[PDB]
Amino acid sequence: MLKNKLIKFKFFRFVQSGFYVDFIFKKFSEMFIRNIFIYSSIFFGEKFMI
Amino acid sequence: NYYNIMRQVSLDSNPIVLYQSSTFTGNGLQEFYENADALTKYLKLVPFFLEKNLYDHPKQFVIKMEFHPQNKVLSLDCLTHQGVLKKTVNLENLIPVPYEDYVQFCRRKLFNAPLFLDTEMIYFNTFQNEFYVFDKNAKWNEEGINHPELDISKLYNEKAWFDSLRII
Amino acid sequence: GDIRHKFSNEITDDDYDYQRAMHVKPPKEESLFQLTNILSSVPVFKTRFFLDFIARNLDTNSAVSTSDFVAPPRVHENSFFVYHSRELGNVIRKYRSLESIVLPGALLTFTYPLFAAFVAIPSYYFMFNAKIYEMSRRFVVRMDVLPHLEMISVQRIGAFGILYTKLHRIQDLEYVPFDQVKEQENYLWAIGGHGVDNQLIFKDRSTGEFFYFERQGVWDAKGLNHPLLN
Amino acid sequence: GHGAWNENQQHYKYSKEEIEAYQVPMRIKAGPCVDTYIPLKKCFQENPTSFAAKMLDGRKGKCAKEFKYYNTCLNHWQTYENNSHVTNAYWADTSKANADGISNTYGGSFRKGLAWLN
Amino acid sequence: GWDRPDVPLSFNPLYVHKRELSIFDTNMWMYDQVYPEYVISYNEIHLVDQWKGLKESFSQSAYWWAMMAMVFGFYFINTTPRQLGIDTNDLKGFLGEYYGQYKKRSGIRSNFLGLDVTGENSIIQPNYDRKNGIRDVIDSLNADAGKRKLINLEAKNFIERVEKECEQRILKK
Amino acid sequence: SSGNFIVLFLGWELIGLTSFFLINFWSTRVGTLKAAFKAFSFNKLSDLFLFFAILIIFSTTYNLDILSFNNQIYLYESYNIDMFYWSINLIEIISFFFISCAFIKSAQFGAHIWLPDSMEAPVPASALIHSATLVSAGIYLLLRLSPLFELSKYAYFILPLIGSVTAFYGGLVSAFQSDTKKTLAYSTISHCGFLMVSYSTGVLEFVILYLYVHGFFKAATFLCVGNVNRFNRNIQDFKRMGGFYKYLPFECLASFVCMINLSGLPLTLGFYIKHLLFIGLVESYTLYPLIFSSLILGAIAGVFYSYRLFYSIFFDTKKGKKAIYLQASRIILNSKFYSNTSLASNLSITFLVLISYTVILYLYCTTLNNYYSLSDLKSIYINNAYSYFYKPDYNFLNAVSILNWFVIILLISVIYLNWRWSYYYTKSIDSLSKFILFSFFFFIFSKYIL
Amino acid sequence: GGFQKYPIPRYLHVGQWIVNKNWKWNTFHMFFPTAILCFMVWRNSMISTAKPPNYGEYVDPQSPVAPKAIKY
Amino acid sequence: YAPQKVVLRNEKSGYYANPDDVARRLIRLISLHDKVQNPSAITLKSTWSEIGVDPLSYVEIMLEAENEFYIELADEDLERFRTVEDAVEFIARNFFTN
Ligand SMILES: CCCCCCCCCCCCCCCCCC(=O)OC[C@H](COP(=O)([O-])OCC(O)COP(=O)([O-])OC[C@@H](COC(=O)CCCCCCCCCCCCCCCCC)OC(=O)CCCCCCCCCCCCCCCCC)OC(=O)CCCCCCCCCCCCCCCCC
Ligand SMILES: CCCCCCCCCCCCCCCCCC(=O)OC[C@H](COP(=O)([O-])OCC(O)COP(=O)([O-])OC[C@@H](COC(=O)CCCCCCCCCCCCCCCCC)OC(=O)CCCCCCCCCCCCCCCCC)OC(=O)CCCCCCCCCCCCCCCCC
Ligand SMILES: CCCCCCCCCCCCCCCCCC(=O)OC[C@H](COP(=O)([O-])OCC(O)COP(=O)([O-])OC[C@@H](COC(=O)CCCCCCCCCCCCCCCCC)OC(=O)CCCCCCCCCCCCCCCCC)OC(=O)CCCCCCCCCCCCCCCCC
Ligand SMILES: CCCCCCCCCCCCCCCCCC(=O)OC[C@H](COP(=O)([O-])OCC[N+](C)(C)C)OC(=O)CCCCCCCCCCCCCCCCC
Ligand SMILES: CCCCCCCCCCCCCCCCCC(=O)OC[C@H](COP(=O)([O-])OCC[N+](C)(C)C)OC(=O)CCCCCCCCCCCCCCCCC
Ligand SMILES: CCCCCCCCCCCCCCCCCC(=O)OC[C@H](COP(=O)([O-])OCC[N+](C)(C)C)OC(=O)CCCCCCCCCCCCCCCCC
Ligand SMILES: CCCCCCCCCCCCCCCCCC(=O)OC[C@H](COP(=O)([O-])OCC[N+](C)(C)C)OC(=O)CCCCCCCCCCCCCCCCC
Ligand SMILES: CCCCCCCCCCCCCCCCCC(=O)OC[C@H](COP(=O)([O-])OCC[N+](C)(C)C)OC(=O)CCCCCCCCCCCCCCCCC
Ligand SMILES: CCCCCCCCCCCCCCCCCC(=O)OC[C@H](COP(=O)([O-])OCC[N+](C)(C)C)OC(=O)CCCCCCCCCCCCCCCCC
């Protein structure tokens, strides 16, 4: 094996970042927060329904 | 990128002596054995030779150094556990090094050195990747060392002297 | 700048002497149990028997280099040498020689030679092949030029340390920039390419074989300046 | 004497009340070596010793007479639990074991690793 | 050495608002008077969005899948299963009680006061005709214990047979 | 030390709140408040799960006493609960909620996102929370309510898989990490995964031994890296650390000992915990291939992070700012009192290491000795795992050698592998050749020629 | 090591770099009374403490201390 | 101990580091550069162009100055600097911890 892609900084930082799990979860949590706590609850809920 | 290109130098007719150890002033390991001081210094250097051999530390105890200005080459007589050997060095390949650099070149903890090993005057041949260590109890030829060809104004190179040997 | 002398109970160099084992300082005094002191004191080592044993049974001065100019024996009666490897060549030779002792010895000694082979296989393929073996295969132990053939003879280390020489035409030699091969063989240059020069790689176009030259290798000015190579 | 590995020196079987008194950990109570364990625990209680001494003493010092029975019982218990006496025989000679099946149940599924092809 | 001036008020810099605080971002900014911050920090911003993050994560984790496959293959072609299970000396116990409960069926007995109510009349009720859950694990453990006992018995039979054969060979000479 | 579920829940909420305060110690900064709020949200989720489980237990049995629940759960094992549209097994649902809260508080895969961000706390708080205080709450729950989980199908399937996945993930991320506190946090995640897998094996003695070893040595390593960070002026990344062996002599040697013990390495107090875990690992799982491969990878991952941390912090080339070294290299500072750390700190670390060694030896004698002298665990589930510790067979003895030699090769790689040009490249290769040949000859003489 | 010290307003009751001259007597009068309170709590709670039998003791099933089932 | 009386912030001198030492260290760093020819000609009032620092050499010298002084200098401040006087003044008045 003369060509190894795992030693490159791309894979190095991928592994160092905990497999991007935190980034993905934070993005999904932001989506949930924005959709549920503001648009659906405050505006659609408080402004329209109430 | 520094490349070891050889120039095929030769010795000149009349050399100028620069270094002469007060001990080992005699000629031959037999003379060293028969001389009291030479024998004890040889015994004290036995660990030095052991470090040379088993620890792969390239170094040589230098005595009776001469200089050839016509070709600018130093002829060094070195004492090894077997006897006296003659070596030739080009001034372009010789640079000074600190004693701590000499010690740290080897990755093995060197044996406690004797008190007659001149630590200040330790030099390094970059072509051979080797160290030259002189004796404290020695005589230096002032006129010889003050030769124009030995002047730092001509033999000085910042990149070679300061950046060639980076032990880390 | 130092004010330790102003206090009677302050630490001293005599108190710091114990750090000389872990700290590098020039020698100050010789202890009674140092090797130098023991050898110079005990009269046994002064015996001619011990002195002659030291003189004979150890590395010889004959093999010690005596000059900065080296003229190795000619490979061919009409050839002239150009490049030669000093230390990395010997190291590679000694490493590849292990295949003649460890391997048969492992077969005849290990209880589970298959287990040894199964462990070695992945070890070879990762962190060993690219580390040493490929570099050794492409390593140039020696290079000479035969003018009558207008060829270059290159010596290489083979399996089990065997040395073999091969001829390559000067017209088939090309320079391969390191940029064209760094991505292809990043791992090789990452872990094993340090010994050889990165920017002085050549290859034979006809046979597609590379030539790695040691950084601490000796070149001949006359050989480089010969018109055939210029 | 001449008792089985589970019986103790006195050939005495302790009752449930005695076990509760000389409370035995469930780990030991599950196995068959309660009779040989209780005398050893009683001896240790009578002659308490430090953990360093227990580790560094290969014969358990004072409590050696009871530890002999306990150690024999422990060896038999663990060997029968893991079936090591049959597994080792199959490992030593699978071919002969199949020839005179020590236990066909284990022999039919045993397969030594390819790496261990002594 | 130098006499330093007292710690600068600049260390905490007053933050001046230059953009409207949209009501659509309510509580989405960690409000502060010096260093306001977004509620969520995205250090791995080289990934444009989570979807590309998932793609990159799986593409790179393929390497770890390959490593796991190779390790498992090496252990699989070089090892054999071990004998594991409940102690054969403790069948009456954890395994015994598990089946004992279903045999007793004590949870559906008649009420002590004579009330018409009984088991199966609550949100949490007993189901003694159930065969799922830990039943499979218990059955596997019981089968493994039985198999180990059978192996021991077969070994005993083998040693007895060898002794008898040796005795007969000695006698027939 | 809770006598009933109400006291247990009180302690649960209290550790959550106090961990929040410790993380948010730097109250002036709102960046710290974000990490504190992340931890707070996860803790509140765990509180919800624990509260719901306690409510289910109270509804089933009109009692909250821990001993009574442990000794009664077997009777109600056969019961089911009628939920919205499914009839869920009572034990399964209760164990599901307990395991969920335990995973959240132990920072298992998925729920571990808060632990890396909790490192904003000061190093003493980080050490205390990550060694045996905050990240072992789930382990305590499992150990205390073991009779419940022994009859849990969900526990059987989930504990080993999640434990092994967390072990592998934490080990590899810690190996590739560059920050000291982050490395220790991911190592803590990996060791918590190993603890989960040990509990899955079902030898509570092994779980307790693993817990003690990990807690002691993790705390000691945390203290050492805290001294290193304080010397380096709050820069926790070792890319700016180099040649600190001379400036922090005590920290170097203390870290060496603590790390060799923490990362399970041969001939150390921390090797036996992993050995016992692999001894007890069960093989009836459906996902056994993935579980075993993840466990092996996580176990080997210890070497890389230990080596990187130690070498990069102490014996690597000087990478830090010139000021860090010059401010301390001034000759005026040369004195009998000279030190870059605290004498009280050094004494505290030394005493911690000594007491940890003594306590671990006491536990090893109690459990792993031929004479079993541990107190009653109040559990009637016997795993048979001690059979392969008392009378191991040739198969298992040779199987362990595979992992031993994997670790050996990895050690050789991290030691003799060159990534940068050096004056010692050829001599390093020569030393490797000498070591290989000498090892072969030494083995020959030891085994055959004597 | 630590941050540079900066002035703290006198009127503000905060703990920044607070050191008390009488801390010795304050500790003396805060430790011992707390010890007495805890001693009182401990002796109050010991009345409702339970311990299992000793090494040489067994619980008689018919003794009053032994657990008793409900009699309908 | 702080007196019970009200004490106000004491801005002794705007410099948080010895300005003379800062200036001398910066001048030595500048002289180390290859483009710089005469260290003697360098003064606090000398502009970068006249002392010989090219626009590209300036960023290298400033990066090494950041490394030497244990601080980070913003591009805005580096571009605002017009003389060694301004450079040393900013560095000396900078609170190394911001
Ligand atoms: C900061 C540090 C960072 C970390 C540093 C780490 C340093 C170490 C790095 C390496 C460590 C391992 C990493 C993981 C693997 C990475 C692989 C990779 O990246 O390659 C990408 C590379 C492609 O991208 P590229 O740009 O060409 O990459 C450059 C090359 O790497 C350049 O290669 P090259 O041209 O130089 O030549 C080398 C070549 C050749 O190199 C080698 O071959 C290396 C030696 C391999 C030894 C494997 C031993 C496994 C252990 C058990 C056996 C022991 C031996 C026992 C005795 C013999 C057998 C009895 O390399 C390869 O071809 C790839 C290596 C082999 C990858 C195999 C991955 C697992 C495959 C599936 C599992 C197989 C195991 C059994 C599974 C059983 C069921 C669970 O090659 C691949 O595609 C990878 C494999 C893809 C597999 C796909 C699925 C299987 C395919 C179908 C099979 C159908 C079989 C049907 C059978 C039917 C029977 C009836
Ligand atoms: C009738 C007379 C018979 C005499 C028989 C003599 C037999 C001698 C056999 C020698 C065998 C080889 C020994 C090799 C040692 C070095 C190994 C090494 O470093 O290799 C790793 C080396 C790397 O290690 P390194 O740290 O980098 O090396 C740095 C230097 O080596 C620098 O190394 P280092 O200084 O850092 O440490 C090296 C150290 C290694 O030493 C040890 O590790 C041994 C530690 C002691 C073990 C003691 C065990 C027995 C006693 C147990 C306790 C009894 C307690 C009794 C009750 C006490 C109540 C209070 O070397 C020694 O073994 C020294 C000898 C021990 C002297 C002290 C023994 C205790 C005396 C009694 C107590 C008093 C002590 C002093 C006062 C203390 C304060 C009060 O790897 C290599 O590359 C090796 C390459 C090969 C080098 C070979 C050099 C020697 C060549 C010799 C050729 C043959 C000459 C034959 C001459 C014959 C003339 C007739
Ligand atoms: C009862 C039987 C049941 C059988 C069921 C079988 C089920 C099969 C399901 C297959 C599912 C395939 C899904 C493909 C999704 C693609 C998504 C996509 O488009 O992504 C774009 C994306 C590229 O776009 P991009 O923008 O360039 O990406 C940017 C990256 O940064 C760029 O990344 P980078 O360049 O830095 O490095 C990326 C690198 C990543 O490194 C690798 O991929 C190398 C290592 C791959 C390991 C794969 C898993 C190993 C096996 C695990 C099995 C676990 C389950 C079974 C366990 C059994 C236990 C007993 O990959 C490469 O670049 C190398 C490309 C070649 C990869 C190998 C492709 C193999 C395809 C399958 C061949 C099967 C032949 C069968 C022949 C049979 C003859 C009889 O794709 C990738 O990055 C590569 C993804 C590679 C996924 C490979 C998955 C293979 C799974 C094989 C399973 C075999 C099971 C056999 C069971 C047998 C039982 C008897
Ligand atoms: C499924 C199939 C599995 C197959 C697995 C196969 C495993 C076995 C592999 C066998 C490998 C055989 C290697 C042959 C090595 C020689 C090759 C060669 O030509 O090299 C010549 C090389 C080079 O030859 P050269 O001609 O270049 O120079 C001569 C040597 N120098 C260089 C020094 C001048 O010479 C040698 O290396 C000579 C080695 C001689 C000794 C060989 C055996 C040593 C081990 C003995 C047994 C173990 C120790 C026992 C000790 C007992 C003590 C009581
Ligand atoms: C059969 C085909 C040819 C196989 C050739 C053999 C493999 C390749 C060459 C290996 C040379 C290195 C041998 C080191 C021997 C060390 C002592 C020993 O354990 O030998 C007996 C053992 C085997 O003897 P055994 O089989 O009687 O041991 C009992 C079985 N075990 C150990 C599994 C319980 O040696 C090995 O296990 C060697 C494994 C293969 C190593 C492959 C290369 C990786 C290592 C790089 C070299 C440096 C290793 C230094 C190790 C130092 C100690 C940790
Ligand atoms: C194929 C055979 C079956 C087994 C399958 C698995 C194959 C082996 C997979 C090994 C993966 C190891 C990943 C380690 C990642 C470390 C990351 C890190 O900290 O940075 C790098 C650190 C070094 O950190 P550093 O800080 O010193 O420098 C880093 C430098 N850069 C960033 C430029 C890379 O450690 C290493 O470099 C060592 C890892 C690379 C060498 C891996 C050799 C593997 C040898 C496998 C032997 C198998 C024996 C046979 C039996 C195996 C199965 C039982
Ligand atoms: C100014 C005073 C400052 C405080 C000084 C305190 C000094 C403490 C020194 C010892 C601490 C470390 C002990 C070893 C580590 C633990 C070992 C272990 O696990 O136990 C195994 C052993 C247990 O015994 P064993 O393990 O040998 O086995 C016993 C054998 N059987 C079971 C058969 C009986 O414990 C120890 O060795 C620890 C010492 C005994 C316990 C001492 C407790 C009472 C302390 C009295 C002094 C009180 C001072 C008050 C000062 C107040 C100041 C305000
Ligand atoms: C079909 C798909 C369904 C998907 C459902 C997904 C629901 C859960 C989504 C996650 C967020 C849930 C709301 C809580 C947000 C907390 C934000 C916060 O505290 O910020 C701090 C942090 C932000 O801090 P940070 O990590 O970005 O940065 C701080 C760290 N330093 C300082 C280092 C930078 O928030 C997060 O990272 C996300 C937290 C996720 C964990 C939330 C725990 C509570 C889960 C409640 C589940 C409720 C389910 C209800 C039913 C759903 C039915 C579909
Ligand atoms: C009868 C039995 C005993 C009766 C005792 C009943 C005790 C009831 C609880 C009392 C709580 C007292 C809190 C005082 C807080 C004072 C301010 C402070 O600390 O600084 C605030 C700091 C800084 O304060 P500051 O320095 O700005 O101001 C201090 C001076 N004052 C407030 C007067 C101006 O601010 C914060 O960041 C808030 C931190 C709050 C931390 C609270 C932690 C409480 C932990 C208690 C653990 C108890 C475990 C119980 C276990 C058993 C449970 C059953």
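Indexing begins at 1, ligand by ligand and atom by atom, following the structure's order. To find a chain, count down the sequence lines: A is the first, B the second, and so on, and within it residues start at 1.
There is no protein heavy atom less than 4.0 angstrom from atom 6 (C) of ligand 4. In this structure, atom 25 (P) of ligand 9 is not in close contact with the protein, since no protein heavy atom lies within 4.0 Å of it. Under the 4.0 angstrom criterion, atom 3 (C) of ligand 9 counts as lacking any protein heavy-atom contact. Within the 4.0 Å cut-off (strictly below), no protein heavy atom is located near atom 50 (C) of ligand 4. Taking a distance limit of 4.0 Å, we find that atom 20 (O) of ligand 4 is approached by some protein heavy atom. Distance check for atom 14 (C) of ligand 9: every protein heavy atom is found at 4.0 Å or beyond.
For the salt bridge (charged side-chain N to carboxylate O under 4.0 Å, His left out) with F:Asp237, the lone residue among F:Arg233, F:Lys239, F:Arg240 that qualifies is F:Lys239.
Under 4.0 Å is where a charged nitrogen must lie from a carboxylate oxygen, and between C:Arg86 and C:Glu214 no such pair does. Residues F:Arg29 and E:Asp32 are not paired through a salt bridge, judged by the lack of any N-O separation under 4.0 Å between the basic side chain and the carboxylate. Remark: F:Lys434 engages B:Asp56 in a salt bridge, criterion side-chain N to carboxylate O under 4.0 Å.
For E:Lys52, the NZ atom sits in a loose shell: 12 or fewer heavy atoms of surrounding residues, nucleotides or ligands are nearer than 6.0 Å. The environment of F:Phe51 atom CZ is sparse: at most 12 non-hydrogen atoms of other residues, nucleotides or ligands sit within 6.0 angstrom.
Remark: minimum distance from atom 45 (C) of ligand 4 to any protein heavy atom is reached at C:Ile101 CD1, 3.8 Å. Ranking the protein heavy atoms by distance from atom 53 (C) of ligand 4 puts F:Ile449 CD1, 4.7 Å first. Of the protein's non-hydrogen atoms, A:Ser29 CB, 3.6 Å is the one closest to atom 10 (C) of ligand 8. Shortest contact from atom 54 (C) of ligand 9 to any protein heavy atom: F:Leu10 CD2, 3.5 Å. Summary of contacts: the protein heavy atom closest to atom 22 (C) of ligand 4 is C:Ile162 CD1, 4.0 Å. In this structure, atom 48 (C) of ligand 4 lies nearest to the protein heavy atom C:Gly105 CA, 3.5 Å. Nearest protein neighbour of atom 38 (C) of ligand 9, counting heavy atoms only, is F:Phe21 CE2, 4.9 Å. Here the protein heavy atom with the shortest distance to atom 17 (C) of ligand 8 is A:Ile33 CD1, 3.8 Å. Nearest protein neighbour of atom 11 (C) of ligand 4, counting heavy atoms only, is C:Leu103 CD2, 3.6 Å. For atom 47 (C) of ligand 4, the nearest non-hydrogen atom of the protein is C:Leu108 CD1, 3.9 Å. Nearest protein heavy-atom neighbour of atom 32 (C) of ligand 8: F:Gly31 O, 3.2 Å. Here the protein heavy atom with the shortest distance to atom 41 (C) of ligand 8 is F:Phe42 CZ, 3.5 Å. The single protein non-hydrogen atom nearest to atom 31 (N) of ligand 9 is G:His13 O, 4.1 Å, given as residue, atom name and distance. Regarding atom 37 (O) of ligand 9, its nearest protein heavy-atom neighbour is F:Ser27 OG, 5.0 Å. Among protein heavy atoms, atom 27 (O) of ligand 8 sits closest to E:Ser41 N, 2.8 Å.
Contact atoms of ligand 4 toward C:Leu107: 7 (C), 8 (C) (distance under 4.0 Å to a heavy atom of the residue). Which parts of ligand 8 touch E:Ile40 is read off a 4.0 Å heavy-atom cut-off, strictly below it: atoms 27 (O). Close approach of ligand 4 to C:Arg93 is summarised as follows: ligand atoms under 4.0 Å from at least one heavy atom of the residue are 32 (C). For ligand 9, the atoms lying closer than 4.0 Å to a non-hydrogen atom of F:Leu14 are 51 (C), 53 (C). Against a heavy-atom cut-off of under 4.0 Å, G:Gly15 is close to the following atoms of ligand 9: 26 (O).
Remark: the backbone N or O of F:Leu184 is not paired with any side-chain donor or acceptor of F:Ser187 at under 3.5 angstrom. In this structure, C:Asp144 contributes its side chain and C:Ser153 its backbone to no donor-acceptor pair below 3.5 Å.
Neither the backbone nor the side chain of A:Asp22 has a heavy atom within less than 4.0 Å of ligand 8.
Judged by the 6.0 Å and 45° rule, A:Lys27 forms a cation-pi pair with E:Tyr42.
For the residue pair C:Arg96 and C:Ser136, a side-chain donor N or O sits within less than 3.5 Å of a side-chain acceptor on the partner.
At a 4.0 Å cut-off, not a single heavy atom of F:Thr18 sits close enough to ligand 9 to count as contact.
The heavy atom nearest to atom 42 (C) of ligand 4, considering only C:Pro104, C:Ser100, C:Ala159, is found in C:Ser100.
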